[PDB]
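1. generate coordinates for the sequence data below:
(one chain, ligands or ions: 1)
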Amino acid sequence: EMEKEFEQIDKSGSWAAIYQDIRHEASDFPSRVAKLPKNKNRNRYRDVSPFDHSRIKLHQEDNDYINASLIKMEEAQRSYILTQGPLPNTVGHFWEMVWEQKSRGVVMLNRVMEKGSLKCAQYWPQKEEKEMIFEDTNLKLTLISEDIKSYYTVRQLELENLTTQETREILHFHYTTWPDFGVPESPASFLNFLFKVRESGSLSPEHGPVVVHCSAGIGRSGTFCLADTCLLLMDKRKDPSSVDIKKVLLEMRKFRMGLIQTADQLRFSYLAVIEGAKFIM
Ligand SMILES: COC[C@H]1N(S(C)(=O)=O)[C@H]2CC[C@]1(O)CC2
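-> Numbering: from 1, shown residues only. Sure, structure below:
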């Protein structure tokens, strides 16, 4: 049982050690498309690239490239798109991806500014009466409503395909209280947030995959998907304690590199699953 493994690693202070074995066992697949010179300004970080095998392709004939990966968890029957925080020049590609994949939710785990630097472009409207038009991808985005809570904000957005005049409602879930350094002290508000996403229908098989991002789309984004998938597998299985968080993480790392950036994010992921298991047993 993971709770006792938690006890052992914590008492022995073997978090980094565990983290390094995960790093060494992690898959390495080609990322040739990401490294083409015509795509250099589509990548926020030169060392964070989607693998070619799992990369999301845009349906535009010119350049299909976005820094986004499909993570397919076959036993849990859950998919996620993990992406970077859009850049000033990829906001239109971001919303084209949302459209093309039939996503119902966008999960944002960062602030636009952290540590005095921009981590993401402002890619959604701040006021109902000031909608955004992405001329490169022929999309219009309107803020419908905004519900601001202590730990997170939920926004209803209308995305319109200006080409076909079809519209969809997109939910934006914005976790606003992840600290600039380290991880939250308690997983309580992160679990609350994860249950609110689930309750919305955004993670359900009747929609395209949820879009999940932070700045790079590997650290906090990784923690979100890892906790969700582990708790779902504990619901599904005859024996809940058969769920090994290290194996799930390695299965998720076949689809996108570097998921869970620090030993502190790993320890936080265990804490989130262990605490969330109580509210599921
Ligand atoms: C308490 O988290 C594990 C800590 N260790 S340890 C000795 O348990 O691996 C190192 C110092 C800070 C850390 O948070 C991460 C590295």
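2. which parts of this protein are strands?
-> Using DSSP state E, the strands of the chain run over residues 55-57, 65-73, 78-83, 105-108, 113-114, 117-118, 132-134, 139-148, 152-161, 167-175, 210-213.
3. switch these over to TSV; also include distance to residue 48 and mean neighbour count.
-> No exception for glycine: its C-beta is placed from N, CA and C like everyone else's. Shown next, in TSV, are the strands of the chain (distance: least, CB to CB, whole Å; neighbours: other CB atoms under 10 Å):
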stretch	distance to residue 48	mean neighbour count
strand 55-57	12	18
strand 65-73	7	23
strand 78-83	10	25
strand 105-108	17	25
strand 113-114	16	14
strand 117-118	16	10
strand 132-134	24	16
strand 139-148	25	15
strand 152-161	25	17
strand 167-175	20	18
strand 210-213	12	26
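4. using TSV, please lay out the ones you listed together with distance to residue 226.
-> Below are those laid out as TSV (distance: least, CB to CB, whole Å):
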stretch	distance to residue 226
strand 55-57	20
strand 65-73	10
strand 78-83	10
strand 105-108	13
strand 113-114	21
strand 117-118	26
strand 132-134	31
strand 139-148	26
strand 152-161	19
strand 167-175	15
strand 210-213	11
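5. enumerate the positions of stretch 201-216 that are buried.
-> Residues 202-203, 207-216 are the ones in stretch 201-216 that count as buried (16 or more other CB atoms under 10 Å).
6. this structure: helices as residue ranges?
-> Per DSSP state H, the chain carries helices over the ranges 2-12, 15-25, 32-35, 91-101, 188-199, 220-236, 245-252, 263-278.
7. what about stretch 133-140, how long is it end to end?
-> One end of stretch 133-140 to the other measures 5 Å (CA to CA, to the nearest Å).
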